[PDB]
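Below: upload38.cif (mmCIF, C-alpha atoms)
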```cif
data_model
loop_
_atom_site.label_atom_id
_atom_site.label_comp_id
_atom_site.auth_asym_id
_atom_site.auth_seq_id
_atom_site.Cartn_x
_atom_site.Cartn_y
_atom_site.Cartn_z
CA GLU A 8 17.43 -47.90 -8.86
CA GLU A 9 16.20 -48.25 -12.43
CA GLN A 10 13.64 -50.46 -14.17
CA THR A 11 14.90 -52.09 -17.37
CA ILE A 12 13.55 -54.58 -19.90
CA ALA A 13 15.24 -57.20 -17.75
CA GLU A 14 11.89 -57.29 -15.92
CA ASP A 15 8.85 -58.76 -17.70
CA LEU A 16 6.49 -56.04 -16.47
CA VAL A 17 8.67 -53.33 -17.96
CA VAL A 18 8.50 -55.19 -21.24
CA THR A 19 4.70 -55.43 -21.27
CA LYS A 20 4.55 -51.66 -20.76
CA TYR A 21 6.69 -51.07 -23.84
CA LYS A 22 4.69 -53.57 -25.87
CA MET A 23 1.34 -52.00 -24.98
CA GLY A 24 2.65 -48.56 -25.82
CA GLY A 25 4.03 -49.87 -29.09
CA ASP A 26 0.73 -51.57 -29.88
CA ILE A 27 -1.10 -48.31 -29.23
CA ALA A 28 1.42 -46.34 -31.31
CA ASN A 29 1.10 -48.83 -34.17
CA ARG A 30 -2.69 -48.55 -34.21
CA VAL A 31 -2.92 -44.77 -34.08
CA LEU A 32 -0.38 -44.52 -36.90
CA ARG A 33 -2.40 -46.87 -39.12
CA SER A 34 -5.55 -44.82 -38.46
CA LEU A 35 -3.80 -41.61 -39.47
CA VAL A 36 -2.40 -43.14 -42.62
CA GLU A 37 -5.78 -44.28 -43.90
CA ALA A 38 -7.28 -40.94 -42.91
CA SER A 39 -4.81 -39.14 -45.17
CA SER A 40 -6.21 -38.04 -48.53
CA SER A 41 -5.82 -35.00 -50.72
CA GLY A 42 -7.77 -32.06 -49.35
CA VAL A 43 -7.28 -33.01 -45.71
CA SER A 44 -5.96 -30.64 -43.04
CA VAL A 45 -2.66 -31.60 -41.41
CA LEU A 46 -3.77 -29.79 -38.26
CA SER A 47 -6.86 -32.00 -37.97
CA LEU A 48 -4.83 -35.19 -38.36
CA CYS A 49 -2.45 -34.02 -35.61
CA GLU A 50 -5.38 -33.39 -33.30
CA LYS A 51 -6.97 -36.73 -34.10
CA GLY A 52 -3.65 -38.46 -33.45
CA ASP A 53 -3.11 -36.86 -30.07
CA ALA A 54 -6.70 -37.52 -29.11
CA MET A 55 -6.49 -41.21 -30.03
CA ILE A 56 -3.28 -41.63 -28.07
CA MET A 57 -4.93 -40.08 -25.03
CA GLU A 58 -7.99 -42.31 -25.39
CA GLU A 59 -6.17 -45.59 -26.05
CA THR A 60 -3.86 -44.83 -23.16
CA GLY A 61 -6.88 -44.37 -20.90
CA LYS A 62 -8.07 -47.96 -21.42
CA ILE A 63 -5.05 -49.54 -19.70
CA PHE A 64 -3.76 -49.78 -16.12
CA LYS A 65 -6.90 -48.11 -14.77
CA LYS A 66 -6.35 -49.38 -11.22
CA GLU A 67 -3.17 -47.24 -11.25
CA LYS A 68 -4.35 -43.68 -10.55
CA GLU A 69 -0.92 -42.03 -10.30
CA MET A 70 0.71 -43.79 -13.24
CA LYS A 71 1.67 -41.35 -16.01
CA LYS A 72 0.53 -42.40 -19.50
CA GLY A 73 -0.12 -40.62 -22.74
CA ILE A 74 1.72 -38.68 -25.41
CA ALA A 75 5.52 -39.14 -25.52
CA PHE A 76 5.86 -37.13 -28.72
CA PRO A 77 3.03 -34.99 -30.13
CA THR A 78 1.77 -36.05 -33.55
CA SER A 79 3.74 -34.22 -36.24
CA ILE A 80 3.25 -34.52 -39.98
CA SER A 81 6.09 -33.26 -42.17
CA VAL A 82 5.37 -33.22 -45.89
CA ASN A 83 7.83 -33.39 -48.79
CA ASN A 84 10.90 -31.25 -48.11
CA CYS A 85 9.82 -30.55 -44.54
CA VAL A 86 12.13 -32.62 -42.35
CA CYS A 87 10.34 -32.88 -39.02
CA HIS A 88 8.47 -31.41 -36.06
CA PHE A 89 5.66 -29.86 -38.11
CA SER A 90 2.76 -29.74 -35.63
CA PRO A 91 0.50 -26.69 -36.42
CA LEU A 92 -1.28 -24.39 -33.98
CA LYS A 93 -4.86 -23.28 -34.64
CA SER A 94 -3.29 -19.89 -35.38
CA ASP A 95 -0.47 -20.82 -37.76
CA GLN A 96 -1.15 -21.65 -41.37
CA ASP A 97 -1.28 -25.41 -41.76
CA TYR A 98 -0.83 -27.64 -44.79
CA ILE A 99 -3.48 -29.23 -47.00
CA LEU A 100 -2.46 -32.66 -48.29
CA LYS A 101 -2.29 -33.18 -52.05
CA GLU A 102 -2.04 -36.06 -54.50
CA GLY A 103 1.51 -37.34 -54.67
CA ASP A 104 2.64 -35.66 -51.45
CA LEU A 105 5.34 -37.51 -49.49
CA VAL A 106 4.14 -37.42 -45.90
CA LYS A 107 5.94 -38.42 -42.71
CA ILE A 108 3.96 -39.15 -39.55
CA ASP A 109 5.80 -39.07 -36.21
CA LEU A 110 4.12 -40.21 -32.97
CA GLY A 111 5.21 -41.07 -29.47
CA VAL A 112 3.34 -43.04 -26.82
CA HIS A 113 4.38 -43.88 -23.27
CA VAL A 114 3.11 -45.97 -20.39
CA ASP A 115 4.62 -45.28 -16.98
CA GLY A 116 7.45 -43.43 -18.66
CA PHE A 117 8.25 -46.30 -21.03
CA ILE A 118 8.34 -44.82 -24.51
CA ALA A 119 7.26 -46.30 -27.83
CA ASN A 120 8.19 -44.05 -30.76
CA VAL A 121 7.27 -44.57 -34.41
CA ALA A 122 7.54 -42.64 -37.70
CA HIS A 123 6.39 -43.76 -41.13
CA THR A 124 6.54 -42.37 -44.69
CA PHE A 125 4.11 -42.90 -47.58
CA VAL A 126 2.69 -41.13 -50.65
CA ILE A 127 -0.80 -39.68 -51.00
CA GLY A 128 -3.24 -40.92 -53.61
CA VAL A 129 -1.25 -43.88 -54.89
CA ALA A 130 -3.65 -45.78 -57.14
CA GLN A 131 -3.46 -49.52 -56.44
CA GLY A 132 -1.81 -51.72 -59.02
CA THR A 133 0.52 -48.84 -59.89
CA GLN A 134 3.91 -48.16 -58.32
CA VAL A 135 5.52 -44.86 -57.41
CA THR A 136 8.72 -44.03 -59.28
CA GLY A 137 11.30 -41.29 -59.39
CA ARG A 138 13.08 -39.49 -56.58
CA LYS A 139 10.19 -40.23 -54.24
CA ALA A 140 10.82 -43.94 -54.68
CA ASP A 141 14.62 -43.55 -54.48
CA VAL A 142 14.47 -41.72 -51.16
CA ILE A 143 11.83 -43.93 -49.54
CA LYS A 144 13.62 -47.04 -50.76
CA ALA A 145 16.89 -45.73 -49.26
CA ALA A 146 15.35 -44.72 -45.91
CA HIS A 147 13.75 -48.14 -45.76
CA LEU A 148 17.03 -49.95 -46.38
CA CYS A 149 18.73 -47.71 -43.80
CA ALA A 150 16.13 -48.76 -41.22
CA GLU A 151 16.70 -52.39 -42.17
CA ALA A 152 20.48 -52.00 -41.76
CA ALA A 153 20.11 -50.51 -38.27
CA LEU A 154 17.77 -53.33 -37.30
CA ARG A 155 20.63 -55.74 -38.07
CA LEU A 156 23.51 -53.60 -36.77
CA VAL A 157 22.06 -52.21 -33.55
CA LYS A 158 22.69 -55.18 -31.30
CA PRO A 159 24.58 -55.89 -28.04
CA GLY A 160 28.31 -55.63 -28.66
CA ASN A 161 28.32 -53.31 -31.67
CA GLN A 162 28.93 -49.58 -31.69
CA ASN A 163 27.01 -46.58 -33.00
CA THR A 164 29.89 -45.94 -35.42
CA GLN A 165 29.11 -49.05 -37.50
CA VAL A 166 25.55 -47.90 -37.94
CA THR A 167 26.62 -44.42 -38.98
CA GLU A 168 28.87 -45.89 -41.69
CA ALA A 169 26.37 -48.35 -43.11
CA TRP A 170 23.85 -45.53 -43.50
CA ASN A 171 25.96 -43.54 -45.95
CA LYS A 172 26.72 -46.59 -48.08
CA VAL A 173 23.05 -47.51 -48.43
CA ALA A 174 21.96 -43.92 -49.00
CA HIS A 175 24.71 -43.17 -51.57
CA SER A 176 23.45 -46.08 -53.67
CA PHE A 177 20.27 -44.12 -54.44
CA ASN A 178 22.05 -40.77 -54.55
CA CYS A 179 20.43 -39.84 -51.26
CA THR A 180 22.01 -38.37 -48.15
CA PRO A 181 20.96 -38.89 -44.57
CA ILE A 182 20.37 -35.50 -42.93
CA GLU A 183 23.62 -34.56 -41.20
CA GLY A 184 23.71 -34.29 -37.44
CA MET A 185 20.40 -36.03 -36.70
CA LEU A 186 20.57 -38.28 -33.65
CA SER A 187 18.92 -41.54 -32.55
CA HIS A 188 18.49 -41.70 -28.76
CA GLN A 189 18.69 -44.45 -26.21
CA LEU A 190 15.52 -44.70 -24.09
CA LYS A 191 15.01 -44.98 -20.34
CA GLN A 192 12.02 -44.59 -18.08
CA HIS A 193 10.73 -41.02 -18.50
CA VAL A 194 13.79 -40.19 -20.64
CA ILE A 195 13.32 -39.78 -24.39
CA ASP A 196 16.71 -38.04 -24.29
CA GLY A 197 19.02 -41.05 -23.79
CA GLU A 198 22.77 -40.51 -23.23
CA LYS A 199 24.00 -42.99 -25.83
CA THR A 200 23.21 -41.90 -29.38
CA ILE A 201 23.76 -42.76 -33.04
CA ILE A 202 24.57 -39.84 -35.31
CA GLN A 203 23.74 -39.53 -38.99
CA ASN A 204 26.22 -38.40 -41.62
CA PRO A 205 28.18 -36.19 -39.18
CA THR A 206 30.24 -33.20 -40.32
CA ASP A 207 33.98 -33.42 -39.67
CA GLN A 208 33.39 -31.31 -36.57
CA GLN A 209 30.56 -33.45 -35.19
CA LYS A 210 32.53 -36.65 -35.87
CA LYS A 211 35.16 -35.34 -33.48
CA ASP A 212 32.69 -34.34 -30.77
CA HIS A 213 30.23 -37.23 -30.91
CA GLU A 214 30.92 -39.95 -28.34
CA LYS A 215 31.56 -43.47 -29.64
CA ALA A 216 29.41 -45.94 -27.71
CA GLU A 217 28.63 -49.64 -27.61
CA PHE A 218 25.21 -51.27 -27.41
CA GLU A 219 24.53 -53.24 -24.20
CA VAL A 220 22.05 -56.01 -23.43
CA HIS A 221 18.71 -54.71 -22.09
CA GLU A 222 19.02 -51.21 -23.57
CA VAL A 223 16.30 -49.59 -25.69
CA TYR A 224 16.60 -47.29 -28.69
CA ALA A 225 14.36 -45.20 -30.88
CA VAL A 226 16.17 -45.51 -34.19
CA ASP A 227 15.34 -42.49 -36.33
CA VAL A 228 16.26 -42.62 -40.02
CA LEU A 229 15.95 -39.36 -41.98
CA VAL A 230 17.09 -39.55 -45.59
CA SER A 231 17.02 -36.79 -48.20
CA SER A 232 17.10 -36.69 -51.99
CA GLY A 233 19.16 -33.51 -51.79
CA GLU A 234 22.34 -32.31 -50.06
CA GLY A 235 21.11 -33.41 -46.64
CA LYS A 236 21.41 -30.06 -44.88
CA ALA A 237 18.35 -29.12 -42.83
CA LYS A 238 17.79 -25.41 -42.31
CA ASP A 239 15.40 -23.43 -40.12
CA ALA A 240 12.64 -21.51 -41.90
CA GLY A 241 10.15 -18.85 -40.86
CA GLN A 242 8.11 -21.59 -39.16
CA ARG A 243 7.20 -21.26 -35.47
CA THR A 244 8.49 -23.91 -33.11
CA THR A 245 5.35 -25.50 -31.63
CA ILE A 246 6.94 -28.45 -29.80
CA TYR A 247 8.92 -28.15 -26.56
CA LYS A 248 10.55 -30.34 -23.95
CA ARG A 249 11.28 -29.51 -20.35
CA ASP A 250 14.96 -29.90 -19.38
CA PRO A 251 14.85 -31.40 -15.84
CA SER A 252 18.58 -30.75 -15.32
CA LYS A 253 18.12 -26.98 -15.46
CA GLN A 254 16.37 -24.68 -13.04
CA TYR A 255 15.80 -20.94 -12.76
CA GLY A 256 13.66 -18.48 -10.84
CA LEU A 257 11.15 -17.20 -13.36
CA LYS A 258 10.28 -13.56 -12.60
CA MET A 259 6.97 -13.29 -14.42
CA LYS A 260 3.89 -14.86 -12.83
CA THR A 261 2.65 -16.13 -16.21
CA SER A 262 5.97 -17.90 -16.78
CA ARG A 263 5.73 -19.71 -13.44
CA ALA A 264 2.10 -20.76 -13.96
CA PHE A 265 2.90 -22.02 -17.44
CA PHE A 266 5.95 -23.95 -16.24
CA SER A 267 3.93 -25.49 -13.38
CA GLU A 268 1.29 -26.75 -15.78
CA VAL A 269 4.10 -28.22 -17.87
CA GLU A 270 5.77 -30.03 -14.94
CA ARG A 271 2.39 -31.38 -13.86
CA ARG A 272 0.92 -32.30 -17.25
CA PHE A 273 3.89 -33.58 -19.30
CA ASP A 274 6.81 -33.65 -16.86
CA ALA A 275 9.82 -34.18 -19.18
CA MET A 276 8.02 -35.43 -22.30
CA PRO A 277 7.95 -33.29 -25.45
CA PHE A 278 4.60 -31.53 -25.82
CA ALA A 279 2.74 -29.30 -28.26
CA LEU A 280 1.60 -25.75 -27.50
CA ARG A 281 -1.72 -26.84 -28.98
CA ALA A 282 -2.26 -28.70 -25.69
CA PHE A 283 -3.10 -25.48 -23.82
CA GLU A 284 -6.57 -23.88 -23.96
CA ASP A 285 -5.34 -20.27 -24.18
CA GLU A 286 -2.76 -19.98 -26.95
CA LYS A 287 -1.66 -16.41 -26.27
CA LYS A 288 -0.88 -17.33 -22.65
CA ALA A 289 1.13 -20.39 -23.67
CA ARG A 290 3.10 -18.46 -26.29
CA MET A 291 3.75 -15.75 -23.71
CA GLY A 292 4.92 -18.12 -20.98
CA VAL A 293 7.26 -19.93 -23.38
CA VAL A 294 9.46 -16.92 -24.09
CA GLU A 295 11.04 -16.64 -20.64
CA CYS A 296 11.20 -20.40 -20.10
CA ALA A 297 12.84 -21.05 -23.47
CA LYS A 298 15.09 -18.04 -22.87
CA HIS A 299 16.66 -19.45 -19.69
CA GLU A 300 16.93 -22.84 -21.36
CA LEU A 301 14.24 -24.37 -19.14
CA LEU A 302 12.50 -25.58 -22.28
CA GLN A 303 14.28 -27.28 -25.20
CA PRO A 304 12.63 -26.53 -28.56
CA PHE A 305 12.13 -28.88 -31.49
CA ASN A 306 12.33 -26.59 -34.51
CA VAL A 307 10.69 -27.23 -37.85
CA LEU A 308 13.57 -27.92 -40.23
CA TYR A 309 13.46 -27.87 -44.04
CA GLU A 310 15.42 -29.16 -47.05
CA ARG A 311 15.62 -27.20 -50.32
CA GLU A 312 12.33 -26.92 -52.18
CA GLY A 313 11.96 -29.67 -54.75
CA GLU A 314 13.73 -32.25 -52.59
CA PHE A 315 12.06 -34.98 -50.52
CA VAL A 316 12.79 -36.36 -47.07
CA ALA A 317 11.72 -39.87 -46.06
CA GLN A 318 11.64 -41.16 -42.49
CA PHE A 319 11.44 -44.41 -40.56
CA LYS A 320 11.55 -44.43 -36.78
CA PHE A 321 11.05 -47.53 -34.67
CA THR A 322 11.67 -48.58 -31.09
CA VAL A 323 13.79 -51.66 -30.58
CA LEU A 324 14.39 -53.63 -27.40
CA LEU A 325 17.82 -55.23 -27.11
CA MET A 326 16.92 -58.62 -25.62
CA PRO A 327 19.68 -61.18 -25.04
CA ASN A 328 18.36 -63.45 -27.80
CA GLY A 329 18.27 -60.61 -30.31
CA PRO A 330 16.71 -57.18 -31.01
CA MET A 331 12.95 -56.93 -31.23
CA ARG A 332 11.26 -53.90 -32.73
CA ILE A 333 7.92 -53.12 -31.17
CA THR A 334 6.78 -50.43 -33.61
CA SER A 335 6.51 -50.08 -37.38
CA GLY A 336 4.22 -48.71 -40.04
CA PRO A 337 2.24 -50.55 -42.75
CA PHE A 338 5.10 -50.65 -45.22
CA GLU A 339 4.86 -52.40 -48.61
CA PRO A 340 8.26 -52.54 -50.44
CA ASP A 341 6.72 -53.59 -53.76
CA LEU A 342 4.90 -50.27 -53.97
CA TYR A 343 8.14 -48.38 -54.72
CA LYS A 344 10.21 -48.95 -57.84
CA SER A 345 13.70 -47.49 -58.06
CA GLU A 346 16.27 -47.84 -60.82
CA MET A 347 19.09 -48.10 -58.30
CA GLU A 348 19.94 -50.69 -55.68
CA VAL A 349 22.56 -51.35 -53.03
CA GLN A 350 25.88 -52.11 -54.74
CA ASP A 351 28.27 -52.87 -51.88
CA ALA A 352 28.60 -56.67 -51.83
CA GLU A 353 28.99 -56.95 -48.05
CA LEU A 354 26.10 -54.60 -47.31
CA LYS A 355 23.98 -56.27 -49.98
CA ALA A 356 24.61 -59.49 -48.05
CA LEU A 357 23.79 -58.07 -44.63
CA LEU A 358 20.40 -56.85 -45.89
CA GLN A 359 19.30 -60.40 -46.64
CA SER A 360 20.03 -61.29 -42.99
#
```

Take the structure from the file and write it as structure tokens.
Amino acid sequence: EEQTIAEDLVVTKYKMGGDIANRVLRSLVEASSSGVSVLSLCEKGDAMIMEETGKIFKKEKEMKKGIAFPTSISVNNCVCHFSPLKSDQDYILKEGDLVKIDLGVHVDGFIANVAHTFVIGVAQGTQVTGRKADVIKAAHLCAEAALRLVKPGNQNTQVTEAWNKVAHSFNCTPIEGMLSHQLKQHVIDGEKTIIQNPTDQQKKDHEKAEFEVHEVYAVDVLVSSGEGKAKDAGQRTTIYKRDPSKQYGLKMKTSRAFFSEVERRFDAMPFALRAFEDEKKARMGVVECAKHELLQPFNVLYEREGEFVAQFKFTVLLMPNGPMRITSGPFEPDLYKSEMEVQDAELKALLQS
């Protein structure tokens, strides 16, 4: 069968994961200051997840728990999936940097995803202004709109539409083609999805769905101050996910050993190459696996230099009495001052409940 949030136990597993994800996120935020290595924060994040996860359900020896999405910190125009290797060049945080932290925790396959955006070195008493406030303000209001639109009976389409209206108000554009996935036990890759600002082509190929009672979603809002077109850079993909629906006979011994460690350690959850002791081996075993589509990569995307990308990701449980989000970051609206606001009367109304 399948275990859903219709069962109380399933719900407590999501809530504990969400609680753990909310705490690790807060620790990383307050550990972010100018001069700090992004690589070190990613390691600390992953380590905390692993430790917090080890304090629950101890009597259950075979229960899988841990990282659902490796800690990634994407600064300024970097869109997502930035999770450095000891080898790659990392990023050193600076005053005024717009940083996005993305984490993923799971307990028994039940995933709790969260992403938060904030600015470095913001003196208290003072607000942040400019494009950094416009974009964060917009991403925030997009998250708020989803929270009110993603409910049993509605359809992904309505959410897609609301997002452009909010975003346009601050002259921001949600990154085109980004998807928000439904969640299931051990599946971070849900079938039903919500697409952001789709191109005419994608609009025609994306499947229109309807939210059902007892479903779970990881709503991912990615808004840009620029054109909203994410491009690949010279960056190395350091995050991969095993595709359980595909199989192939790897020829190389190193490929097989690497794939076995993956199936055993992370199963179908995204993981970071940093999780393997020998880097060279990992990198080497990835080539053939990724080549025969056994592994799905999560590339590091970028927006034009000078632009900023804000993000808000939260996991919401569609309970019969209403949606309940189990993850969020320490967000303070008053901190950001923008000259623009939502102008659509109807939308303006919806945002006040």

### Task
For the structure shown, which residues end up in the PyMOL selection byres ((chain A and resi 249) around 9)? Put them as a PyMOL selection string, please?
chain A and resi 247-248+250-253+266+269-270+273-278+300-304

### Atom-to-atom span, atom CA of residue 110 of chain A and atom CA of residue 229 of chain A, Å
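For atom CA of residue 110 of chain A relative to atom CA of residue 229 of chain A, the distance reads 14.9 Å.
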
### Message
Please enumerate the residues selected by the PyMOL selection byres ((chain A and resi 324) around 10) when evaluated against the supplied file, formatted as JSON, numbers by chain.
### Response
{"A": [12, 18, 21, 22, 157, 158, 190, 220, 221, 222, 223, 224, 225, 322, 323, 325, 326, 327, 329, 330, 331, 332, 333]}

### Query
So which one's closest to residue 127 of chain A, A:48, A:82, A:308, A:23? Using all atoms listed in the file, please.
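Of the candidates, the smallest distance to residue 127 of chain A is held by A:82.
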
### Message
Take the PyMOL selection byres ((chain A and resi 171) around 12), run it mentally on this structure, and tell me the resulting residues as an NGL selection string.
### Response
:A and (145-146 or 148-149 or 152-153 or 164-170 or 172-183 or 202-205 or 228-231 or 235 or 349 or 351 or 354)

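The smallest atom-to-atom distance between residue 93 of chain A and any of A:280, A:316, A:35, A:186, using all atoms listed in the file, is found for A:280.
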
### Query
Skipping near chain neighbours, those fewer than 4 positions away, what residues fall within 9 Å of residue 33 of chain A using all atoms listed in the file, listed as JSON, numbers by chain?
{"A": [28, 29, 37, 38, 336, 337]}

### Spatial sel., origin (9.1, -40.1, -62.8), limit 12 Å, all atoms listed in the file, listed as a PyMOL selection string
chain A and resi 103+134-141+343-346

Which residues of segment 245-353 of chain A sit at most 12 Å from segment 83-86 of chain A, using only C-alpha atoms? Give each one's shortest atom pair and distance in Å (one decimal place), in chain and ascending residue order, as CSV.
```
residue,atom,partner,partner_atom,distance
A:305,CA,A:86,CA,11.5
A:306,CA,A:86,CA,9.9
A:307,CA,A:86,CA,7.2
A:308,CA,A:86,CA,5.4
A:309,CA,A:85,CA,4.5
A:310,CA,A:84,CA,5.1
A:311,CA,A:84,CA,6.6
A:312,CA,A:84,CA,6.1
A:313,CA,A:84,CA,6.9
A:314,CA,A:84,CA,5.4
A:315,CA,A:84,CA,4.6
A:316,CA,A:84,CA,5.5
A:317,CA,A:83,CA,8.0
A:318,CA,A:86,CA,8.6
A:319,CA,A:86,CA,11.9
```

### Task
Using only C-alpha atoms, find the one residue out of A:54, A:105, A:70, A:92 that sits nearest to residue 143 of chain A.
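Among the listed residues, the smallest separation from residue 143 of chain A belongs to A:105.
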
### Message
Would you compute the distance between atom CA of residue 187 of chain A and atom CA of residue 201 of chain A? Give it in Å to one decimal.
### Response
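Straight-line distance from atom CA of residue 187 of chain A to atom CA of residue 201 of chain A works out to 5.0 Å.
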